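Quick notes on the structure that follows.
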Amino acid sequence: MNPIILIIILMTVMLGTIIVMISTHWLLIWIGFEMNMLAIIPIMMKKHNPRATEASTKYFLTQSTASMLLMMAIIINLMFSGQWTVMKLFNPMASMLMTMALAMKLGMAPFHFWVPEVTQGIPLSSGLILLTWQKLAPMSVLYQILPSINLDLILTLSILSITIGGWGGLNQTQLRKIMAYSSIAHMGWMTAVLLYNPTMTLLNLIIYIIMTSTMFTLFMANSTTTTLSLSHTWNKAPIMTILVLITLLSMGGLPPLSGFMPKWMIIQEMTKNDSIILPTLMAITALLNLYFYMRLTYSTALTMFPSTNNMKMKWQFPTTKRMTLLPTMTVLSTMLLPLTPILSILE
Amino acid sequence: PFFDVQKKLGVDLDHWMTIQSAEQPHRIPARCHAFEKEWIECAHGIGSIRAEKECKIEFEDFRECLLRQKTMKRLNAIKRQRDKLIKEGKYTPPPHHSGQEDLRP
Amino acid sequence: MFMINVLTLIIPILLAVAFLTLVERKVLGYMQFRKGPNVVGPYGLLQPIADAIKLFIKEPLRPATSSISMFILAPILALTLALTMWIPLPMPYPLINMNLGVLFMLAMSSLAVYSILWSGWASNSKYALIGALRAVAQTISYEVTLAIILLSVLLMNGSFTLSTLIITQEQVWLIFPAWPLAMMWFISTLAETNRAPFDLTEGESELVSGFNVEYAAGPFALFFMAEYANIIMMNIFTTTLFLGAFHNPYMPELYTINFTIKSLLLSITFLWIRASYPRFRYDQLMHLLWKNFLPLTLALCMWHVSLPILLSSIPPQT
Amino acid sequence: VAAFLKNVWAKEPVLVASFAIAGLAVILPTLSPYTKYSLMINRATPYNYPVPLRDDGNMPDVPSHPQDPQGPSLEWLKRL
Amino acid sequence: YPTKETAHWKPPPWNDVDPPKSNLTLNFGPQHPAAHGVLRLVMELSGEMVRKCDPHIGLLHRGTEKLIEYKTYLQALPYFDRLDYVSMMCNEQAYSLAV
Amino acid sequence: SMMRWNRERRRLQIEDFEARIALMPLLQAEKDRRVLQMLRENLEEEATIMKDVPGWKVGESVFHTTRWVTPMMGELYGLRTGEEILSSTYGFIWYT
Amino acid sequence: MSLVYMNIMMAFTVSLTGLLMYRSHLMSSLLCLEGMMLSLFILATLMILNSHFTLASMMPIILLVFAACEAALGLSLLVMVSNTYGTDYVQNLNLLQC
Amino acid sequence: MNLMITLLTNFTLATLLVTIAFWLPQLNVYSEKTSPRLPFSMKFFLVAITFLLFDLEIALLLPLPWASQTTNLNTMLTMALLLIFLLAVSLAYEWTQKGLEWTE
Amino acid sequence: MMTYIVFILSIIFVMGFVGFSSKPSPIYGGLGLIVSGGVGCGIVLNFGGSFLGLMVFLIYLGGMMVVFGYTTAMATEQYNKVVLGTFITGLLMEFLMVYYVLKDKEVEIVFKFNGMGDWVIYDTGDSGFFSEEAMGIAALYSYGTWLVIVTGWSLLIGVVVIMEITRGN
Amino acid sequence: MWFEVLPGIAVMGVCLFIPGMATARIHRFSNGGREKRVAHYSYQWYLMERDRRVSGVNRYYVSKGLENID
Ligand SMILES: CCCCCCCCCCCCCCCCCC(=O)OC[C@H](COP(=O)([O-])OCC[N+](C)(C)C)OC(=O)CCCCCCCCCCCCCCCCC
Ligand SMILES: CCCCCCCCCCCCCCCCCC(=O)OC[C@H](COP(=O)(O)OCCN)OC(=O)CCCCCCCCCCCCCCCCC
Ligand SMILES: CCCCCCCCCCCCCCCCCC(=O)OC[C@H](COP(=O)(O)OCCN)OC(=O)CCCCCCCCCCCCCCCCC
Ligand SMILES: CCCCCCCCCCCCCCCCCC(=O)OC[C@H](COP(=O)(O)OCCN)OC(=O)CCCCCCCCCCCCCCCCC
Ligand SMILES: CCCCCCCCCCCCCCCCCC(=O)OC[C@H](COP(=O)(O)OCCN)OC(=O)CCCCCCCCCCCCCCCCC
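Residue numbers (the working numbering), protein chains in the order written: chain C, 161 to 507; chain P, 148 to 252; chain W, 349 to 666; chain X, 343 to 422; chain Y, -4 to 94; chain S, 77 to 172; chain V, 3 to 100; chain Z, 166 to 269; chain U, 660 to 828; chain R, 33 to 102.
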């Protein structure tokens, strides 16, 4: 791709997300999602192989279905309210349709069925964009419609997303599919606390984006798309094994790391509202996420899988890859739990 | 993440298409202009939680302005009783509901 | 009484289409130093009747079709659109006096390519489908300049009303402020109807028009007469659009004779262009559209947007 | 700026005419004396009803009748 | 964890690029057979382009220059009018100059 | 030529609009009496029809307000013939 | 409410279940998607004309333009799939199962 | 209603002439005649999508004869010239990256 | 019957969506969506949306379904049970809905719906010397500055996006 | 010579002359010897329906002047 065209297309993705964030009109929300999808489709087809075309086709179909259901929810809102303000909805049917449409845009279960395939079919930078930047706009729309969101619907979507994102990654050896099922589980965690305290939703979103950006930046720096190719990191760059160790122990919710902070604050705010069983089932289900995280750490850092002879040639060459913000994203995804009351800036 | 950039910069990007009572071209009134103005001027500043209960009557009048469901239900009742009285023979339509009276203006 | 008006529209359309074949063969005859038909009728006037009776009893051609229902619907759609493009034409009064007759004609002429595409789907040839795709791409290509030239002219009209376009040109022909739009319009309407030098289905530069080829086609007379209804219609629309005549409200026959004479001269100008030039290659008229007409059409579209504002000559809405 | 312009007028006169017509369309209403009159005619076209005012007692610039002298006049539109 | 159902799953390629897993051949004829009418061409088209053009001739092969062998010189003269039948007396003149 | 003629056409449009404006008070008065005539006739026929129904309030407002609400098409042409209905509800849309 | 709104909603759900149940082709999926868009256009237009809400008259144009650009993107994806496999069948697009 | 009567008459005349032209040459009983994927082009699809995109830009340009009547003429003239300029920039990008090639 | 003309067109609209949504072929699917777009356009035209109906004909049916048929001619090759069965299933469901709402004058599938014609809910006013729908569409330029900016930017990006992904390199 | 095409052009011109002259004479016959009322805008239809109501014979084209008022 022409780098001028790449810069304009990434600015168009960011512009669509900004138009969803800053606008007060439902048509501009829909325009922003259309702009976002239309611009992100060539980011997925950057390499032009049949897997990227398949992934972009599946992504187009799911996001197009979600966009049309979103416009139907907007149209039923215009029926029962005669206006266009992006605020609470004035019909539970429009609320159900918009919650389904935003669940399809997030890839929350049971609409999760595109996320591992589409994440597998695309490169690691485009997968990073899909799993971090594309979560910002539908969570903003869910942040603005939460007086109208059905409780049972969003909690069913949340627990089904946590359970399916837990049992999905336990069978996987591809790193992109592991990050995709981790995306499903963490979006369940984010929407589970939304009607209770959406500041903790924003906290979980920011900490998840930092940790996912750390993991995809490590995967781009090591050029590893499978577990077994990530295993050969110790014989090439031994510091990267330490970094994937501390980041995967972070994403599993282990203290004293910063990935403990979101789920601890979510359990902390949901038990204020007299819900004990639901965050306990969420917390027990997150052990599956930590299980395949521990599987990755055993395969990469805590053991040494046997390498090949051609690694000796790569010993003689350093990394020329622009590892942008990788030390900053590694430190902020591990050592932020002493700064847990920093969450008040998101209020 | 409702970053209210429009109110921060003072620019108007989409507040004009948002409601029916906004400044329309050639001052065209909407069919529920008064009802939406009453519901908005009721519900302004008191938040959603107080607006769902303290502005329920203006909201009901505005919803029944938009959808006209109570009006159509009333017309269904009147038309059904009228057709029943035509079927029972106890009613004849007047000359001004038959087309034989050469209308007013 | 209104059905009488509909029939006195649509039956003389078919008679004018029938005698356009005679006028074409005669005018192409004398422009080629020969004569057209003069044996079959007195001065050849019974040539279209003889030819229509010949075509209506000639055998259905040789083969069968891929889709039967679209093979039926493509002449039905072609004739229906070719007859419904006439109803907002003000001459001096339109049949259906609609507020958006310009946009109606542009939309129903955008619908006209489905007859081409369904006749391509209907024939069993995979090569006639390619030729139908090339003709569809040609027609939808020149629809772009049709739309933008039409918009640029209606910026001096004030509305989409075709009857207002007679009121607009009471002081001057609208070809005088808009002759580059008029000449690009005339060539683009020439390229809409698959008319020479742009007729690639009925000529060479074609992969399927090739002497012992396949492709069951329909009755040729119906597509032919829908095509000539489109030709006479687009010339009357160009006459109304640029060369709009004087209209006395108490004597409508003055405007009727005037637009009739101008439309006849403009259809003879179609006949006189097709007997003067070789055909374009397909990429040459794609070049003529996308790299010659459309830059000038966008430039003149900006010009006719900004020109009534800088001259204080904005036409009224009503 | 002179040899390139003659060269592109020899090679591609269609595009030279296109950019010339487009450039005049852009820059000419900013140099036109009649652009103000377009605004003045469009705001003086009465699509709606001129809804009258309650005479509280002191509105000297609002007339009491259409044919009164005070009020926005259209002598410029008749005369031009 | 392989199962009975997910047994046919081979692992994906390393660079995620799969192998891709033609051009048109046209028999040609002149449109209206009045000028040439007896031309046959076998094309190899590449969309718009022409990759190979194979003219098939002999469709008007009459065996003129075997019929000449069994006729006299005056009898062989009118075969030359019919070779290039828009260049009649030129071929007459060429055979005349040869004899 | 188009400058002179479109300036003349805008002056003629303003003349037609001021004829409309000078006629609008009379037409508004006639339309007020028109809709009040039709609502009063519908109220009288409701009074002579809706007697057998228990608990019916004749002329009951479906709105909680006492503000004048603009009459609907069914509120005026509801108890009348279908020809008057069609001429009021698709007359201008279907007109030529 | 209005009786025609029931039919336009049921049309959207019919084209939904057509889009939510594939048979073979991706083109039929895009046709069901644009039928969904068509029903959205009609329903939005009937509301905005019914309300006499003037500034939302430009909204169905924006819906039509954005979703036809969406449809052009979908047809380009279909073209790349057909250039890969020869057909637009959805069962050829199953490489990403493993 | 006059329009629907006219469309019904035109569709009926079209169907009647098609019914004639498919059933009238069957009256003369002839003999029974017994003796006895297309290559995809990227350029055809690209000129079709180029039509569709510029037709959407035309669909934005279509309310201009009404938009000239506004009172905010500086804003209206700016956005009108901006839409025609975006159509021109779309054509320029379609030019210079060799999109309009062999169907130029 | 004539007072229920928009309802009759809406029933033909639902029947057309059942016709192509059962998906016999992309060719006949495109045909059914063309006929459906025409009758839904008639629904729009009978409320006073003349410009929006002609936008359906000129843009939707005139450009986009032309491009869908153009691409379908380049995808499938020219020459059942589930299609016809789902067609008659949708036809039975729709005529049962029609029979219920015509015998009861109130139905509740998801929302409540009237059984009379939709002529009742119109307005009894005039607009003057303009179409309100035409003036609201004309206001895309003076009022809708940001809307035109984002729509034109999305169309320019759409041109760039189609040239990037169809290049294959 | 060249004027031999003029009978066919004359027949085609008469066939183009028939629809417009026909609709002009039908609009004068159907509307009281005058033009058909053009109602593009709702004010024109409002006045036209007012004319239909004030004529008494359910016709918009029956004009009532100063003889109708006292
Ligand atoms: C409506 C009534 C009739 C109208 C007139 C039409 C009748 C005459 C028809 C004649 C027969 C035509 C048969 C078909 C011919 C098709 C080929 C053809 O002509 O191609 C077009 C040719 C194509 O170009 P070309 O092929 O000749 O040139 C080669 C081009 N390159 C180098 C790119 C390969 O020309 C055009 O496109 C011109 C279109 C119209 C131009 C209008 C000019 C306006 C100028 C205004 C002033 C500009 C100066 C600068 C600015 C000044 C400002 C103050
Ligand atoms: C309420 C919240 C509101 C919003 C707050 C902010 C949200 C931040 C969301 C971050 C999303 C990041 C998406 C990916 C980075 C964006 C730029 C981009 O696309 O970079 C990829 C780029 C492409 O280079 P290319 O050559 O294509 O690489 C493939 C190999 N040839 O280059 C590369 O591939 C280089 C490899 C390294 C790239 C690392 C990029 C890290 C970016 C994220 C930083 C962390 C987020 C900011 C801090 C937290 C904020 C909440
Ligand atoms: C394969 C299928 C068959 C193919 C062949 C047949 C179909 C194709 C050819 C016919 C196309 C029919 C087009 C019908 C609508 C045309 C647009 C239209 O109605 O425009 C005219 C006018 C709008 O202008 P305006 O003046 O503003 O309105 C009156 C206000 N005084 O508006 C009016 O005057 C409104 C009049 C009442 C509304 C008329 C609605 C007609 C019925 C619905 C459409 C029927 C056709 C369906 C198929 C269409 C094509 C797919
Ligand atoms: C400022 C106002 C707004 C301006 C924008 C609006 C424009 C309206 C017209 C729309 C045009 C759309 C398409 C434009 C494409 C331009 C680029 C181009 O075509 O470059 C290629 C061309 C050489 O073509 P080639 O690659 O050989 O292709 C085969 C063709 N024979 O290269 C060339 O032919 C060279 C073209 C560039 C030089 C032209 C100079 C014209 C100067 C005219 C006088 C000054 C006018 C003031 C404005 C100037 C703006 C540049
Ligand atoms: C808006 C206007 C539209 C006008 C459209 C039509 C234009 C052309 C009008 C007609 C022009 C003149 C026609 C003359 C035809 C030849 C007549 C003739 O002489 O036929 C001779 C033939 C055999 O007769 P026989 O008895 O053998 O003669 C030997 C005598 N020693 O005898 C016969 O063949 C028998 C008689 C045949 C007569 C045919 C007449 C022409 C019919 C054309 C059909 C349409 C006519 C117009 C309809 C509308 C106006 C009324």
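C-beta atoms are modelled at their ideal positions from N, C-alpha and C, and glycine is treated no differently.
Helix, strand or coil for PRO50/Y per DSSP? strand
Where residue 341/W and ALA426/W are concerned, what is the direct C-alpha to C-alpha distance, given to the nearest angstrom? Nothing about residue 341/W can be read from this structure; chain W reaches only from 349 to 666.
Counting only the same chain and skipping the five closest in sequence on each side, list residues whose C-beta sits under 7 Å from that of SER410/C. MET371, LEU417, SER418, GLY419, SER493, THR494
Using 8 Å as the threshold, is the C-beta distance between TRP293/C and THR222/C below it? no
Looking at the unbroken beta strand (DSSP E) that takes in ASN773/U, where does it start and where does it end? 771 to 773
Extent of the continuous beta strand (DSSP E) to which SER41/Y belongs: 35 to 41
Can a CB atom of chain W be found closer than 8 Å to the CB of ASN384/X? yes
Return the first residue and the last residue of the beta strand (DSSP E) that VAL766/U is part of. 765 to 767
According to DSSP, simplified to helix, strand and coil, what is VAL757/U? helix
Starting from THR401/C, follow the alpha helix (DSSP H) in both directions and report where the run begins and ends. 398 to 411
By the DSSP assignment, the alpha helix (DSSP H) with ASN386/W in it spans what residues? Premise fails: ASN386/W is in no alpha helix (DSSP H) and is neither H nor E.
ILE169/S at chain U interface by Cβ criterion, 8 Å: yes
State yes or no: is the beta carbon of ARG85/S nearer than 8 Å to at least one beta carbon in chain R? no
Starting from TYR219/C, trace the alpha helix (DSSP H) both ways and give me its first and last residue. 210 to 241
How should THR361/C be labelled, buried or exposed, when 16 other C-beta atoms within 10 angstroms of its C-beta is the threshold for buried? buried
Mind checking whether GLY558/W and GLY24/Y have CB atoms under 8 Å apart? yes
Check: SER681/U C-beta below 7 Å from any heavy atom of ligand 4: no
So which residues on chain W does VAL356/X lean against when the C-beta distance must stay under 7 Å? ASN640, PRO643, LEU644
Should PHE168/S be listed as close to ligand 3, given that the test is whether its C-beta is under 7 Å from any heavy atom? yes
For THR351/C, which residues from the same chain have a beta carbon less than 6 Å from its beta carbon, with the 5 sequence-adjacent residues on both sides left out? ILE314, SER318
Beta-carbon proximity list for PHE746/U, same chain, < 8 Å, skipping 5 on both sides: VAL677, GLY678, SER681
Please report the distance separating the alpha-carbon of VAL12/Y from that of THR172/C. 28 Å
Got a sec: does ligand 4 put a non-hydrogen atom nearer than 7 Å to the Cβ of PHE149/P? no
Is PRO545/W near ligand 1, in the sense that its beta carbon is under 7 Å from a heavy atom of that ligand? yes
Does the region 221 to 241 of chain Z come close enough to the region 760 to 779 of chain U to have 3 or more Cβ pairs within less than 8 Å? no
Proximal residues, the region 202 to 216 of chain P versus chain U, C-beta separation under 7 Å: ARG215, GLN216
Assuming the contact rule is C-beta atoms closer than 8 Å, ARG229/P and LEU155/S should be a hit. Round their C-beta distance to whole Å, please. 7 Å
Should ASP49/Y go down as buried or exposed, given a rule of 16 or more other Cβ atoms within 10 Å for buried? exposed
Distance cut-off 7 Å: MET446/W Cβ against heavy atoms of ligand 7: You won't find ligand 7 in this model; what it holds is ligand 1, ligand 2, ligand 3, ligand 4 and ligand 5.
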